Amino acid sequence: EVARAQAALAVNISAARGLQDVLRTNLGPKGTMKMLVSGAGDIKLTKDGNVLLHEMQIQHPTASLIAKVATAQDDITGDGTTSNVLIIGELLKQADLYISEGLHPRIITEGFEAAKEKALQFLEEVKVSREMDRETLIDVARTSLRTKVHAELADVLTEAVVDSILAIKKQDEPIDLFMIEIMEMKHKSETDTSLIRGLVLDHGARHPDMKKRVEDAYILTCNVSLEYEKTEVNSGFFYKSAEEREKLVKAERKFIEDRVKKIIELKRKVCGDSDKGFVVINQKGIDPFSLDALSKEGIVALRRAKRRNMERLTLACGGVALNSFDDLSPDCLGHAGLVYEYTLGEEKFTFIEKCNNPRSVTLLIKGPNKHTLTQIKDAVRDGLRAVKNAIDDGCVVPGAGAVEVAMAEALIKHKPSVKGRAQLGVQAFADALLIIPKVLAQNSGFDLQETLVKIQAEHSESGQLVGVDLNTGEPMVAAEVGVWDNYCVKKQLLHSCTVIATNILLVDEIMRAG
Amino acid sequence: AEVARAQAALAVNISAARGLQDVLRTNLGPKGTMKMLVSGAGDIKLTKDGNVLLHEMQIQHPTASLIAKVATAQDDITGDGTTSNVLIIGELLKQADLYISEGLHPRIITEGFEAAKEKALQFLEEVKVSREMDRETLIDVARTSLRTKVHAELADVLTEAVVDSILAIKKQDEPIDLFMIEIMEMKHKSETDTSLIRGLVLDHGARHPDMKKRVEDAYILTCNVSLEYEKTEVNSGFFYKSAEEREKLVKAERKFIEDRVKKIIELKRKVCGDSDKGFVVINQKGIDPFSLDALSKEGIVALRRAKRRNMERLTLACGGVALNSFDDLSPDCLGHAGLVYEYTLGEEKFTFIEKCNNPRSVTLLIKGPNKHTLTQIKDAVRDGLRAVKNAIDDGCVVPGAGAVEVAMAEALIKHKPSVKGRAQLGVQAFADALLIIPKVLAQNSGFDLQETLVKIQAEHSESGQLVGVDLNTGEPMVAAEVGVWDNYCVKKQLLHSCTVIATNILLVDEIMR
Amino acid sequence: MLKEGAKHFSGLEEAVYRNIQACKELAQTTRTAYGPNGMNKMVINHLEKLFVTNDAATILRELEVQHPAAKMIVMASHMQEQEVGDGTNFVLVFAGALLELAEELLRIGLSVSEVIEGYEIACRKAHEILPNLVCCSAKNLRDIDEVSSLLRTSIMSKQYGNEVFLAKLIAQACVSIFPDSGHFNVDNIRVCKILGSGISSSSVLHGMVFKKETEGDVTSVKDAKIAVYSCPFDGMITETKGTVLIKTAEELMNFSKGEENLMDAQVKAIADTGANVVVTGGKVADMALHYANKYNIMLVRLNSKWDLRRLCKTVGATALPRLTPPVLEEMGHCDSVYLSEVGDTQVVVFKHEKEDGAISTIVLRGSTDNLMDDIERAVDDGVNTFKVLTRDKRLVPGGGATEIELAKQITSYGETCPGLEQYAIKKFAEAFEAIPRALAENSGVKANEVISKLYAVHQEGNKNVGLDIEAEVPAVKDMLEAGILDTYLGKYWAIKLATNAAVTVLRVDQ
C-alpha cells in the first residue's frame, strides 16, 4: 500500500506519541519501571529507553527504526535515552502542525539546523566544567541511578559505582573498560551488593579447606585440568575397540599426578612454604585427589573457572592463563593481594581481591537472582556509563532539564536565523526541548505550566541552571540537587533527535518493498 | 437524562466554531473572495461580509447561535470587520484548546484572555493615533474599510462615492449615517453601477411634458392622501354594499377630485406663482386621471409614488414638511429643495429633490439588470458608509493591514504574565489569535501566511517599522504609510467582541440534549 | 498499542484496573485461607485429583494468568513462605487489599509515587512501630507448650480445631533437638505420612520413618553403612528374546539363574563394599532378598526419589543404579538404622541424634491422605513458622490482634505526617482490617462491626477476631492470649514483603 505524503508522517507522529508517554516516567526517580510479557513471554521488568525497545518485539517500523538509532546514544549514556523518545516525536508534534498549517517539512528540517547549532553552541555555553571528585561522581552516578532505580537503590549502589571508576582511572583510562565485571549472587534479597577491588571466582574447585583462605595469592589460572580422567581412557580419547583401551589405562591416572605434583612442585617452587596459599585456578575440573594432594600441601586449587575470569585474572592479578603447570616462580603466576573462597548458600565464591594492579573490580550484587536483581544490574552499568561520561567530560551541568529552558529561552529568545524559514524550524525545534522537564514536574507534581513559567522566569531571573525538583514539581538548582547532565550525555540527544527527524520527516510514498 | 459534560462536551463547540470560521477564510480582504450564499429563495448572495452570510443560511450548531451575535454586533457598532471577528476567536480557541489539550483548565485558560486583550487594547490604544477625518484620509480608510469587507474593485469605485456621502454630514456625531444612505436601485445595462446623488431622490415621480421638466424653485407638496379626495389628511369611506349608495358614490368623487387638483392649482398660483416658479406635487398614492394632466398643465409637477421614507428624508433634506394633503397652505411647509428634477433612468422615474436645505439625506442610485450583482454592489456600499464614517466620526483611526497585530504579539512579551502561567497562556493564546488576519491575507495571497508573517514580525521587531502583510501581494509593507487603515472603533470593539465569545466558550463545559 | 509494535499486555487502565483486579482475584480466597479458617478449597493439580486446603501458595503456583501481577507477588509470598512457614495465607491479602486504595486514589487522582511513598514511610513507620507491638517472645524448644502455644497460630492460620493435638505433637517431634539457633531442618524432622491408623495416631519416631516395606532382615549394623541406590536392580535377568521373556526353548535356562548370581555378586558386593542396608528403588528379588537375608543387609524394595533424596540428603547416601558392584560412597551416617512397624506398617528406620543433624522424623499415621497431606500442610507451615531461628521469636499478637493497634497507630499518625503522602499513609492503616475481615469473613460478620469494636478495644494487643461467634458478635477473641501469638518476624516480613511487590506491580505500565 501507500500512505501518501501527510499520511506517511501521520504514521510517524503517532508511533512516537504513545511510547513517549511510557517514558515520561521511565525517567527520573519518578520514572516508572515497565514490565514485559509479550516482549518474550517471560516475566520481564526494565527501566531504560532503548533496551525496553529491543526487549519488546516491536512490529512498528518507527519503533523498529528507533531501537537502532537511540542505541548509539544509549551505547554512550544509558540515561537521557529514557528521555530521548520525548523530544523527537514531540518535535514532530510541533512541525506537523506547521506543515498542517502548510509549509515544507524541508524548511523545518532546514529550520532545525541553526537551532541545533545554537543549541550545540549553547551546549558549549551551558556546559559547566566540573571536577572528578567522587562526590561530583556520586551525583552523576546516582542521578542516572535515581532515573533508573530508587534513589535509595541509587544511593546504596552509588558508592561501588563511583569507586571502581577511580581504580579504572588509576589505569588513567578515560573510560570504563574493566572493573565492569558485575556479579549476581544467591541471596534472599537484592539488598546485598559488594565492591570487590579484585575479582571473584565462584568456585573453590570441588575441595574445601585447601587453605582456601589466602592472603598471599600467586594466581595460577590454568585452563588445563588436573582432572583428565581417573578411568582408563583419556579425556578426549574415546575407544570402542578393546585392545586400544588397555593401552591408556595405566598412564591416564599418571598424567594427572604428572600435572598434580608439578603443582606440588610448583607450590614449593612458588612458595617452599605452605604458609603462602598458592592459588591454582582451572577453567575445567580438577581431580579430588589432585585437590587432595594439593590441598594438604596448602595449595588452593580452583577448577571450572570462567574464561572472563581467566581474562580478568590474567589482567587483574597480572595473572597468567596456562596450558601447563610444571614449575614457576610466585610472580610467573600473577599475584592477587588477597584471595578468599567464600561460601554463600552452597557455592563458595572465591574472593580474589585487590589483585596486583587490580585492573578489574568485580561489583558483586547478592540477591534473589530474579529479573529484579537483573533490574538493578542495569542502572549501575548505566550509571557507570554516566560517570564514565562524567569521567569523559569535566563539563557537566544541572539535570532536570534546567538546560532545556535556558536552551529554549535563548535559542528562541533571539532569532538565530533572523528569518522565518529557519526560525520556523527553530520555533518547533527549541519547543520540543521543554517536553521533558515540565512533564517530569507534571508527572511529579505541579503542572507543566507553573514549573515552566517558574523555571523560565527563574532562568530569566537566574541564568543559573535551575531545574525541576522531581519530588516537588517545581524547579531547583539541579547543580545543587545533584541530578547532573553530562555534556557527553546531553549533547548526543541533540544529534539523534535532529538527525533522526531529518529524513523521517521527509517521506511521501511508503510501500511494502519486496 | 442525556447530558454532555466537561472536556468532551466543549469539543463539538470548539470543533464547530473553529470548523465554522475556517470557511470565512475565503473572505476578509480582496485576496479573499465574496462567499456565495443561497436561500430558499434560491438567491445567490455574494458577500465577503461575515454578517450577511452568517445570519441567513448556515448549518445547525450550538455555536451557530452565538456567532450570529458578534458579527451582528460588530456590524452594529461599526459596519466593518464582521468578517474579521470570526477568524480571531477560533484561532484563539485552537490556541486555547492546546492548553486544554494539555489538560490545563479552561478556567485558567479563560481567565488569562482578559488581561491579554486589555494589553492589546491598551496597545491598540498605543498604536492608534488621531488621524484626519479628511476625505482623502477617509479614502485611505475607505479603500481599506471596503476591501476587508467588500471587493477591492468595488471598493475603488465605491471609495470616492462612499466617502462623499459621509462627507456630506453637517458634522453629525453619528458613527453610521441614517439619511446619508438613500439607496436607489435599477435594472441597467451595467450589472454594477452606482450614481452619487446628494439630497433625496423619489421612488417614483410622474413626468409629463405638461409638467415642468425642470423645477428650479421647488415647493414640494408631498402627500399620502391623494387627489381622489377633498381637504383630507384621511381617506374617505366607500360603500359598495348597495346600489343607491354606490350610485351616489361615483358621481361626487370627481368633486373630491376637482377640488383637490384645484387645491394645488390655486395654491401653485399662491405658493409658486403662476408660471413664475415650478411646483411639485407628490402623490404617495396614485394620481387622479383628471388631476394628473390637470396638475400637469398648470406648471405643477405631480409625482406618483414617493415613499414614506422619501416623505421623511425630503422634509429633513429640503427643510420643508410633507403633507397628507393638497390644500392651500404656505410655501415653506411644502417641501423646498433648491432643485426638483425627475430623472427617469431605466423604466424607473427618479425624482431628485436636490439643493436640499439639509444635505443630510444623500442618495446613491445602484444599477444592475442582474439581481445578484444588484444584491452585491448595493450591499457593497453600506458597510463602507458605516465603516468609513467611523473614520470621519473619529479623530483617531487605527492603522490597518494587520501591521498592528504582529505589533502586539511581541508587545505582549511574556512573563509580563509572571503571575501564574494561566494568564501567560491567556496571553500566549491571545498573541496568536491577533495574527489570524495577517495570516489569512498572506494566506489568501502568495507565499506563506507565516513566512511573510514572521518576516513581518522580524521586520516589525526592527525599530521604526509598523509593518504588515499586503492585503494584495501579501508582501511586507508599513501599513500606516500606505494609508491602509481600518476604522479606529473596529479594533477596540473587535477585541471585546472577539474575546467574549471565546471566553463564553470555555465557561460552557456542559451541553444537554 | 496504536502501532503494531510495543509488546505488552499491561498498562494504564488495565494496570490501574486489571492488574490490581487480577491481584484482587487471588487474595479473595487468601482471606478465607488465613487465621482461623473454616473455609476449604478443592484443588485438582493436573492429577485431576481433588485436594482440599486453606493455603494459597499450594494453589497459586498451579494457577496461570496472563499477567505477571499475580505471577510476581507469589514470589514475595514465597519469599515469606521461604523465610516464614505461615502468614503467607495473609501475605497476599494485605497487598492486594492495600493496592486497591491506589486505583481509588487514582480515581481520586493521586500520583504513582504519591500513592506509593505514603505506604513506604508508613511501612518503615510500621517497621518502626511494628516491633513496639511485640507482645511476647518465645522461650524454650524443649518445652512442648512454649512451642505448641505458637504453633497453633499458624496451624490456626491454616485450620482451626486440629491445632491442639497437632502443635503438641509437633514439639513432641522435638523441634527441640535442633537449637533453632542458626539451625533447623525439615528433612531431618521430616513428616512421614502413614495412611491408616488414625489421623490423631500421627506419631513421632525420632530418626527416619520410611513407610516403604522394610526388607531383608534388620540392618547388618545399626550404624549402618548405608548404600542407597536408585535402581541397583534394573533386573539381573534380561528381558530379551521372543516372549519378552524367551525365544528359543534354550533361552529360559540362562534368564532365570543369571539374575541370581549377578544379584548374588551384587548383594555380595553390597557386603563387599560393606553396605549394612541396601536400598533399591529398583525391584526386589527373593534371591537378592535371600542374599540380603544371607548377607543380612536390610533391603528397600521400592523408592520414591523422596526416599532416595532424603537418603541422599540425610545419610549422605548417593542413590545410583547398580548393575555394578555397590561401592560405599554413600557409606553410613545414622547411628541406629532399624526395621520398625509404625502404624504397624513396615517402616524403614534410620536414626542418629545430634544437636544439629539429628533426624527426629515426624511420622503421620493418618486415616486419609487427602487430609493427612493437608494435616501435613499446617504442621509443615506451623513448624516452618516454628522456623524463625530465634528461640525467642519476639512474639506479637497472633491471628492479628495487631492490626487494630496499627490501624489506630498509623492513620492517626498518618495525618500527623502531612502532605498527600499522608493519605497514602492513612490508606496504609486501612488494609490492616483484612484479616479482621478475613476472619469475620469465615466468622461471618462485618469488619466494620469488627473494627468499630476493635477500635473500641483500643490499645489491647489481645482482643481480636478468630473463629466461632466471639469473632462474630463482639469480634473479640484474645489474640494475644488465646494461647495464640505470632512472631514479630513473620509479621514483620508480610508488611515489608507486601510493601514491595504491591508498590512494584503498580509502577509497571507495560
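The rules behind these values
- Numbering of residues starts from 1 on every chain and follows the order in which that chain's sequence is written, so it may differ from the entry's own numbering; residues lacking coordinates are left out.
- The naming scheme follows written order: chains are lettered A onward, ligands numbered 1 onward.
- Here the displayed chains are drawn from a larger assembly, and the quantities reported describe the displayed chains exclusively.
- In computing side-chain values, all of the structure's heavy atoms are included and hydrogens and water are not.
- UniProt positions are given in the numbering used here, feature names are shortened, and annotations may be inferred rather than shown by experiment.
- Patch building starts from residues that exceed 30% relative accessible area and form no salt bridge, then joins like charges within 9 Å and nonpolar side chains (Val, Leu, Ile, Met, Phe, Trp, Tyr) within 5 Å.
- The accessible surface values rely on the Shrake-Rupley method and a 1.4 Å probe; as for residues, cover is taken only from the protein chains in view.
- By definition here, a salt bridge exists when the distance from a side-chain nitrogen of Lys or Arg to a carboxyl oxygen of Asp or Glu is within 4 Å.
- Think of it this way: any DSSP run of H or I at least four residues long counts as a helix, any run of E at least two long counts as a strand, and we number them from the N terminus.
- For every residue, the accessible area (1.4 Å probe, protein chains only) is compared with the maximum for its type, and the residue is labelled buried under 20%, exposed over 50%, or partly exposed between those bounds.
- Note on definitions: a residue-residue contact is assigned when non-hydrogen atoms from the two residues lie within 4.5 Å.
- N or O atoms closer than or at 3.5 Å make up a polar contact, with two conditions inside protein: a donor-capable atom paired with an acceptor-capable one, and, for residues adjacent in sequence, both atoms drawn from side chains.
- Just so you know, the count uses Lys and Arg for positive and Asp and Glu for negative, and it drops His and the chain ends.
- Working definition for charges: the position is that of NZ of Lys, CZ of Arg, CG of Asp or CD of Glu.
- Defined here as a combined quantity, buried area equals the accessible surface (1.4 Å probe) lost by two parts on assembly, summed across both.
- Here the term charged refers only to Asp, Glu, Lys and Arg, the term nonpolar to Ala, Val, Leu, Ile, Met, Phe, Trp, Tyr, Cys and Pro, and the term polar to all other amino acids, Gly among them.

- This entry, as listed in the PDB, derives from cryo-EM and reports a resolution of 8.2 Å.

- As recorded by the PDB entry, chain C carries the name T-complex protein 1 subunit theta and is attributed to Homo sapiens.
- One UniProt comment on chain C, placed under Catalytic activity, says "ATP + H2O = ADP + phosphate + H(+)".
- What UniProt records for chain C under Sequence similarities is the sentence "Belongs to the TCP-1 chaperonin family."

- As annotated in the PDB entry, chain B is T-complex protein 1 subunit zeta from Homo sapiens.
- In its Catalytic activity section, the UniProt record describing chain B reads: "ATP + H2O = ADP + phosphate + H(+)".
- Looking at the Subunit (literature references left out) heading of the UniProt record, one finds this comment for chain B: "Component of the chaperonin-containing T-complex (TRiC), a hexadecamer composed of two identical back-to-back stacked rings enclosing a protein folding chamber. Each ring is made up of eight different subunits: TCP1/CCT1, CCT2, CCT3, CCT4, CCT5, CCT6A/CCT6, CCT7, CCT8. Interacts with PACRG."

## Let's talk about a nonpolar patch on the surface
For step 1, the next point in the chain: Where nonpolar side chains cluster on the molecular surface, the patch consists of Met-36, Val-38 and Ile-44 of chain B and spans about 260 Å² of accessible area.
For step 2, the next point in the chain: Within the fold, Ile-44 of chain B resides in the loop between β2 (35-37) and β3 (45-47).

## Considerations on the UniProt feature "binding site: ADP" in chain B
All names here are of chain B.
For step 1, the next point in the chain: Within this structure's numbering, the places UniProt gives as "binding site: ADP" are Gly-29, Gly-81, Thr-82, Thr-83, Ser-84, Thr-148, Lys-149, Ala-401 and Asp-486.
For step 2, the next point in the chain: For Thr-83, the location among the structural elements is in helix α4 (residues 82-101).
For step 3, the next point in the chain: A relative accessible area of 0% places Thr-83 in the buried class.
For step 4, the next point in the chain: Setting aside anything within four residues of it in sequence, one finds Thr-83 in contact with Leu-24, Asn-27, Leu-28, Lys-48, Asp-49, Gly-50, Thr-148 and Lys-149.
For step 5, the next point in the chain: At 2.4 Å, the side chain of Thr-83 and the backbone nitrogen of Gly-50 are in polar contact.
For step 6, the next point in the chain: Within the fold, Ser-84 resides in helix α4.
For step 7, the next point in the chain: Assessed through its relative accessible area of 4%, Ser-84 is described here as buried.
For step 8, the next point in the chain: Sequence-distant contacts of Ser-84, defined by excluding residues within four places in its chain, comprise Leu-28, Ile-437 and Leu-494.

## Examining a negative patch on the surface
For step 1, the next point in the chain: Residues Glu-232, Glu-243, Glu-244 and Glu-246 of chain A make up a contiguous surface patch of negative charge.
For step 2, the next point in the chain: Along the chain, the position of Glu-232 of chain A falls in the loop between β7 (217-222) and α8 (242-270).

## Overview of the arrangement of the chains
For step 1, the next point in the chain: Summarising the chain contacts, two pairs of chains touch, and the pair with the most contacts is chains A and C.
For step 2, the next point in the chain: Separated throughout, chain B and chain C approach each other most closely at a C-alpha pair spaced 14 Å apart.

## Some remarks on the UniProt feature "binding site: ADP" in chain C
All names here are of chain C.
For step 1, the next point in the chain: Listed under "binding site: ADP" in the UniProt record, and renumbered for this structure, are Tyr-34, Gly-35, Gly-87, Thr-88, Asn-89, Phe-90, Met-156, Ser-157, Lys-158, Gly-399 and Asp-486. In terms of the greatest pairwise C-alpha distance, the residues named above, spread along 453 residues, form a tight cluster of at most 13.7 Å across.
For step 2, the next point in the chain: As for its position among the elements, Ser-157 is in helix α6 (residues 144-158).
For step 3, the next point in the chain: Look at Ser-157 and you get buried, because its relative accessible area is 1%.
For step 4, the next point in the chain: Apart from residues no more than four positions distant in its own chain, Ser-157 is found in contact with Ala-33, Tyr-34, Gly-35, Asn-37, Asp-86, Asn-89 and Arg-152.
For step 5, the next point in the chain: With respect to the helices, strands and loops of the structure, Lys-158 is situated in helix α6.
For step 6, the next point in the chain: The contact partners of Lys-158, leaving out residues within four places of it in the chain, are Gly-35, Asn-37, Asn-54, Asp-55, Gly-85, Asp-86, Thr-88, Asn-89, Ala-378 and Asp-381.

## Focus: the UniProt feature "binding site: ATP" in chain B
All names here are of chain B.
For step 1, the next point in the chain: Within the UniProt annotation, "binding site: ATP" is assigned to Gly-29, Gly-81, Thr-82, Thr-83, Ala-401, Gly-402, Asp-486 and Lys-491.
For step 2, the next point in the chain: By secondary structure assignment, the location of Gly-402 is in the loop between β15 (396-399) and α14 (405-411).
For step 3, the next point in the chain: A residue is classified by how much of its surface remains accessible, and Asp-486, at 11% relative accessible area, is buried.
For step 4, the next point in the chain: When residues no more than four places from it in sequence are discounted, the contact partners of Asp-486 are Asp-80, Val-141, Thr-144, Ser-145, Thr-148, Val-397, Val-398, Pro-399, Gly-400 and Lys-491.

## What about the interface of chain A and chain C?
For step 1, the next point in the chain: Taken together, the 29 residues of chain A in the interface contact 21 residues of chain C.
For step 2, the next point in the chain: Taking both partners together, chain A and chain C bury about 2500 Å²; carbon and sulfur atoms supply 64% of that area.
For step 3, the next point in the chain: At the surface where chain A touches chain C, the tally comes to zero salt bridges.
For step 4, the next point in the chain: On inspection of chain A and its partner chain C, the count reaches four residue pairs in polar contact.
For step 5, the next point in the chain: Looking at the side of chain A that touches chain C, the elements that each hand over two or more residues are α1 (6-24), β1 (34-36), α3 (61-76) and α14 (435-444) of chain A.
For step 6, the next point in the chain: Taken together, the residues of the side of chain A that touches chain C sort by class into 14 nonpolar, 11 polar and four charged.

## Some thoughts on the pattern of salt bridges
Residue and element names in this part refer to chain B.
For step 1, the next point in the chain: In total, this model carries 79 salt bridges over all chains according to the counting rule given.
For step 2, the next point in the chain: One salt bridge connects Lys-297 with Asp-210, and the closest N-O pair in it is separated by 2.9 Å. Of this pair, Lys-297 sits in helix α11 (residues 289-297) while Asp-210 sits in the loop between β7 (200-201) and β8 (214-215), and the two are 87 residues apart along the sequence.
For step 3, the next point in the chain: Salt-bridge contacts for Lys-263 lead to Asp-327; the nearest nitrogen and oxygen are separated by 2.4 Å. A residue pair is termed long-range when its members are at least 10 positions apart, and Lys-263 in helix α10 (residues 249-271) and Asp-327 in the loop between α12 (308-318) and β12 (339-345) qualify at 64 residues.

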